[PDB]
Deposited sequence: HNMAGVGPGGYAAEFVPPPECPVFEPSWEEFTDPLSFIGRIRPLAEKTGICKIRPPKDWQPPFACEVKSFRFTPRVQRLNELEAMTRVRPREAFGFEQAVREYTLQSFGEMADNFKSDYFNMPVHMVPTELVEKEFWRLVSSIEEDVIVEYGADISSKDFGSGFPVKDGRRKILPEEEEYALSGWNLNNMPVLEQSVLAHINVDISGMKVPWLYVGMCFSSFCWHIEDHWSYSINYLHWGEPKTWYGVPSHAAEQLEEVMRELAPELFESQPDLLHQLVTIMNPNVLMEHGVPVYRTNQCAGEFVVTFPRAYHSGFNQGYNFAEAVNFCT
């Protein structure tokens, strides 16, 4: 069975440390860059409202066949997607969705990825820009009303719309509506950028991270074990199908860290930190790459 990797660092900053994100990320860097990913829990009273246009939120999610690599050898609203997502998970595990242990979904996910006897297919609302129906965070752009008690979140530095995105030389957040077993494979960001991820609500998002000092080790294991048909593909195209069990990387000496990102918690990925993961159930996430 799947052996869970060690847990990545979790930080619970005080209200003083929560004042500036870039200053806090720079301070946790000596530890967090050695694990690739880290989790940040805001103070208990920091609860931003959900500001998406729920009435008109409509999308067609992508189809994900979990074992498509091993096999080589519908429009929804937010409500209707949640109904499908909860029905899928409760039927699959034969129990209420909130009662399924996170370790069981994790163990079953990686079994289905390498299973040729069972073909499980899920859907992922992963191609949703914040310009379509608004960001999950409140913003002061006029397109939606802002209550007085919500203005601090529209101006907060932890609002992903207020993160610095311009790199020095001579973009808006994206949304993810997940269900059980919907996943994203191993990849790094463009220009080796940072990324910050916020789970607005729903069941946890399970993460796996590799520190940047082991990036070549991971790419070497990929070169050895990924399907030969995709071996000569460039990294940008290969990372569309870089599905690999974390234990396989750990067996080859690649350090891997995990975490369960729960509602209201941040996940930061450091430069050139390979990461992957899957969703425990119906949830809503927002992500953006930022610069330091």
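Missing CA stretches, deposited numbering from 1, N-terminus first: According to the record, the gaps fall at 1-13, 87-100, 198-208.
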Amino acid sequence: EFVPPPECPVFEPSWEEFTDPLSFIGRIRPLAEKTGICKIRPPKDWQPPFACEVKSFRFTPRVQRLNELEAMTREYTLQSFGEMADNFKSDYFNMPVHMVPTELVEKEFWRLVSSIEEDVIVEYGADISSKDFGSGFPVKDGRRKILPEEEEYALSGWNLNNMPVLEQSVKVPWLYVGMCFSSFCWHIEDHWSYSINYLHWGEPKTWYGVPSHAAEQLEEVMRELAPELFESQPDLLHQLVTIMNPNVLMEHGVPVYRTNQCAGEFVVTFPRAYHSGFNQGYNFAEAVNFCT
From here on, numbers count along this sequence of modelled residues.
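Rigid core: the largest C-alpha set superposing within 1.5 Å between the two forms.
Stretch with larger C-alpha RMS deviation in 9 other deposited structures of this protein, core superposed, 74-82 versus 121-129: Between the two stretches, 121-129 moves farther in 9 other deposited structures of this protein.
Higher-deviation segment by CA RMS in 9 other deposited structures of this protein, core fitted, 32-40 or 221-229: Higher average C-alpha offset in 9 other deposited structures of this protein goes to 221-229.
Which of 216-224 and 181-189 has higher mean CA B factor, as the PDB entry lists it: Averaged over C-alpha atoms, the B-factors run higher in 216-224.
Selected stretch [higher average CA B-factor]: 205-213 or 142-150: If you average the C-alpha B-factors of 205-213 and of 142-150, the larger mean comes out for 142-150.
Among 54, 244, 31, 37 - the residue whose C-alpha B-factor is largest in the record: Highest C-alpha B-factor among the listed residues goes to 54.
Maximum C-alpha temperature factor, selected from 86, 103, 118, 123: That would be 118, according to the entry.
Within-chain third of residue 59 by Cα B-factor, per the entry: CA B-factor rank for residue 59: middle third.
Ranked against its chain, the third holding the CA B-factor of residue 11: Answer is middle: the recorded C-alpha B-factor places it there.
Where the record places residue 76 (Cα B-factor, split into thirds across the chain): Middle third - that is where residue 76 ends up once the chain's C-alpha B-factors are sorted.
Position of residue 229 among the chain's modelled residues by C-alpha B-factor, lowest, middle or highest third: Its C-alpha B-factor belongs to the highest third of this chain's values.
Within-chain third of residue 3 by Cα B-factor, per the entry: According to the entry, residue 3 has a C-alpha B-factor in the chain's middle third.
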